[PDB]
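Have a look at the structure below, then the notes.
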Amino acid sequence: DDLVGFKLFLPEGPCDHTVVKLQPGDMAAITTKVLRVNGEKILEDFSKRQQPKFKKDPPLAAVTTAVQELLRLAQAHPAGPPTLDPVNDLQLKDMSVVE
């Protein structure tokens, strides 16, 4: 179950969120799915809320929507959604990679 595709993690607790500055190597895959969510507003909401005194503000609709979208996406794919394939979506031509 762990060596076939990427086991889509389903959080065992409540579906919270963080916004982290990730490196390319810490990110497993670039999924093909396109969720046209507004990053600017999500940043202008997360960074605002992460004041310890204002950590308990009511969630913003864009942030809640993104969190819900990610959680269902984890639920919505049996073994992991396709990544933006180097060959079949990014149009590359290395033969060794096909092998």
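Ligands are numbered from 1 in the order shown, chains are lettered A, B, ... in the order of the structure tokens, and residues start at 1 in each chain.
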Inset, instruction - Taking the DSSP assignment computed from this structure's backbone, write out as a ChimeraX atom specification all residues of chain A that belong to helix (DSSP H, G or I). - result: /A:39-49,61-75,95-98
What would the file look like if the residues just selected were written as a PDB file, in the first residue's frame with N, CA and C atoms?
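Result saved to again_19.pdb:
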```pdb
ATOM      1  N   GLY A  39      -4.088  32.874  -3.931  1.00  0.00           N
ATOM      2  CA  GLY A  39      -2.989  32.763  -2.986  1.00  0.00           C
ATOM      3  C   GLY A  39      -2.772  34.031  -2.186  1.00  0.00           C
ATOM      4  N   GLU A  40      -2.925  35.188  -2.834  1.00  0.00           N
ATOM      5  CA  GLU A  40      -2.692  36.463  -2.162  1.00  0.00           C
ATOM      6  C   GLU A  40      -3.595  36.619  -0.945  1.00  0.00           C
ATOM      7  N   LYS A  41      -4.894  36.355  -1.110  1.00  0.00           N
ATOM      8  CA  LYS A  41      -5.818  36.486   0.013  1.00  0.00           C
ATOM      9  C   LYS A  41      -5.531  35.447   1.091  1.00  0.00           C
ATOM     10  N   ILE A  42      -5.120  34.242   0.693  1.00  0.00           N
ATOM     11  CA  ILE A  42      -4.828  33.213   1.685  1.00  0.00           C
ATOM     12  C   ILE A  42      -3.593  33.587   2.493  1.00  0.00           C
ATOM     13  N   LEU A  43      -2.611  34.223   1.857  1.00  0.00           N
ATOM     14  CA  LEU A  43      -1.458  34.723   2.599  1.00  0.00           C
ATOM     15  C   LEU A  43      -1.839  35.889   3.504  1.00  0.00           C
ATOM     16  N   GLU A  44      -2.602  36.847   2.971  1.00  0.00           N
ATOM     17  CA  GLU A  44      -3.065  38.004   3.727  1.00  0.00           C
ATOM     18  C   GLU A  44      -4.056  37.634   4.816  1.00  0.00           C
ATOM     19  N   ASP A  45      -4.451  36.366   4.886  1.00  0.00           N
ATOM     20  CA  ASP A  45      -5.285  35.858   5.963  1.00  0.00           C
ATOM     21  C   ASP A  45      -4.493  35.006   6.945  1.00  0.00           C
ATOM     22  N   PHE A  46      -3.666  34.081   6.453  1.00  0.00           N
ATOM     23  CA  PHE A  46      -2.857  33.253   7.342  1.00  0.00           C
ATOM     24  C   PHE A  46      -1.870  34.103   8.135  1.00  0.00           C
ATOM     25  N   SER A  47      -1.102  34.959   7.449  1.00  0.00           N
ATOM     26  CA  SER A  47      -0.110  35.769   8.150  1.00  0.00           C
ATOM     27  C   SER A  47      -0.766  36.715   9.146  1.00  0.00           C
ATOM     28  N   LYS A  48      -1.958  37.219   8.822  1.00  0.00           N
ATOM     29  CA  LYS A  48      -2.704  38.051   9.761  1.00  0.00           C
ATOM     30  C   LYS A  48      -3.152  37.243  10.974  1.00  0.00           C
ATOM     31  N   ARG A  49      -3.718  36.056  10.740  1.00  0.00           N
ATOM     32  CA  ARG A  49      -4.289  35.267  11.828  1.00  0.00           C
ATOM     33  C   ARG A  49      -3.218  34.719  12.763  1.00  0.00           C
ATOM     34  N   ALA A  61     -13.303  32.686   4.089  1.00  0.00           N
ATOM     35  CA  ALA A  61     -13.984  31.756   3.194  1.00  0.00           C
ATOM     36  C   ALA A  61     -13.015  31.139   2.196  1.00  0.00           C
ATOM     37  N   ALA A  62     -12.044  31.919   1.715  1.00  0.00           N
ATOM     38  CA  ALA A  62     -11.071  31.378   0.773  1.00  0.00           C
ATOM     39  C   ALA A  62     -10.190  30.329   1.436  1.00  0.00           C
ATOM     40  N   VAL A  63      -9.791  30.574   2.685  1.00  0.00           N
ATOM     41  CA  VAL A  63      -8.917  29.642   3.389  1.00  0.00           C
ATOM     42  C   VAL A  63      -9.666  28.364   3.739  1.00  0.00           C
ATOM     43  N   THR A  64     -10.875  28.501   4.289  1.00  0.00           N
ATOM     44  CA  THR A  64     -11.691  27.328   4.583  1.00  0.00           C
ATOM     45  C   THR A  64     -11.970  26.539   3.314  1.00  0.00           C
ATOM     46  N   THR A  65     -12.254  27.243   2.216  1.00  0.00           N
ATOM     47  CA  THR A  65     -12.524  26.573   0.952  1.00  0.00           C
ATOM     48  C   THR A  65     -11.303  25.806   0.473  1.00  0.00           C
ATOM     49  N   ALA A  66     -10.114  26.405   0.584  1.00  0.00           N
ATOM     50  CA  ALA A  66      -8.894  25.717   0.172  1.00  0.00           C
ATOM     51  C   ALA A  66      -8.635  24.487   1.034  1.00  0.00           C
ATOM     52  N   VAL A  67      -8.836  24.610   2.349  1.00  0.00           N
ATOM     53  CA  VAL A  67      -8.601  23.483   3.252  1.00  0.00           C
ATOM     54  C   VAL A  67      -9.569  22.349   2.940  1.00  0.00           C
ATOM     55  N   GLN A  68     -10.843  22.689   2.754  1.00  0.00           N
ATOM     56  CA  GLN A  68     -11.845  21.688   2.420  1.00  0.00           C
ATOM     57  C   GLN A  68     -11.542  21.049   1.072  1.00  0.00           C
ATOM     58  N   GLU A  69     -11.070  21.852   0.115  1.00  0.00           N
ATOM     59  CA  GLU A  69     -10.752  21.340  -1.210  1.00  0.00           C
ATOM     60  C   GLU A  69      -9.603  20.349  -1.141  1.00  0.00           C
ATOM     61  N   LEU A  70      -8.578  20.667  -0.349  1.00  0.00           N
ATOM     62  CA  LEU A  70      -7.451  19.757  -0.173  1.00  0.00           C
ATOM     63  C   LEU A  70      -7.870  18.473   0.530  1.00  0.00           C
ATOM     64  N   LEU A  71      -8.683  18.584   1.584  1.00  0.00           N
ATOM     65  CA  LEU A  71      -9.104  17.383   2.295  1.00  0.00           C
ATOM     66  C   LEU A  71      -9.938  16.469   1.408  1.00  0.00           C
ATOM     67  N   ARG A  72     -10.882  17.031   0.647  1.00  0.00           N
ATOM     68  CA  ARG A  72     -11.640  16.176  -0.258  1.00  0.00           C
ATOM     69  C   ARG A  72     -10.748  15.616  -1.355  1.00  0.00           C
ATOM     70  N   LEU A  73      -9.783  16.409  -1.842  1.00  0.00           N
ATOM     71  CA  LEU A  73      -8.870  15.908  -2.863  1.00  0.00           C
ATOM     72  C   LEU A  73      -8.120  14.692  -2.352  1.00  0.00           C
ATOM     73  N   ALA A  74      -7.701  14.729  -1.086  1.00  0.00           N
ATOM     74  CA  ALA A  74      -7.102  13.543  -0.486  1.00  0.00           C
ATOM     75  C   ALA A  74      -8.111  12.409  -0.493  1.00  0.00           C
ATOM     76  N   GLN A  75      -9.349  12.718  -0.107  1.00  0.00           N
ATOM     77  CA  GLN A  75     -10.419  11.733  -0.144  1.00  0.00           C
ATOM     78  C   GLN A  75     -10.812  11.368  -1.577  1.00  0.00           C
ATOM     79  N   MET A  95      14.240   9.306 -23.371  1.00  0.00           N
ATOM     80  CA  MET A  95      13.847   7.905 -23.522  1.00  0.00           C
ATOM     81  C   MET A  95      14.062   7.132 -22.226  1.00  0.00           C
ATOM     82  N   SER A  96      15.167   7.428 -21.533  1.00  0.00           N
ATOM     83  CA  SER A  96      15.512   6.721 -20.305  1.00  0.00           C
ATOM     84  C   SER A  96      14.404   6.865 -19.276  1.00  0.00           C
ATOM     85  N   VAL A  97      13.750   8.026 -19.248  1.00  0.00           N
ATOM     86  CA  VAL A  97      12.684   8.257 -18.283  1.00  0.00           C
ATOM     87  C   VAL A  97      11.459   7.423 -18.635  1.00  0.00           C
ATOM     88  N   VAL A  98      11.194   7.218 -19.926  1.00  0.00           N
ATOM     89  CA  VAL A  98      10.093   6.340 -20.310  1.00  0.00           C
ATOM     90  C   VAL A  98      10.381   4.909 -19.871  1.00  0.00           C
TER      91      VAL A  98
END
```
Inset, instruction - To one decimal in Å, tell me the separation between atom CA of residue 6 of chain A and atom CA of residue 77 of chain A. - result: 10.5 Å
Legend entry - Distance in Å - atom CA of residue 54 of chain A versus atom CA of residue 37 of chain A: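 Straight-line distance from atom CA of residue 54 of chain A to atom CA of residue 37 of chain A works out to 23.4 Å.
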Legend entry - Residue nearest residue 59 of chain A among A:7, A:17, A:83, A:2 (counting only C-alpha atoms):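 The closest residue to residue 59 of chain A is A:17.
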Inset, instruction - Point out the residue among A:84, A:19, A:79, A:60 with the least atom-to-atom distance to residue 34 of chain A, counting only C-alpha atoms. - result: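 For residue 34 of chain A, the nearest of the candidates is A:84.
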Legend entry - Two-atom distance - atom CA of residue 85 of chain A, atom CA of residue 23 of chain A (Å):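 That distance, rounded to one decimal, is 19.5 Å.
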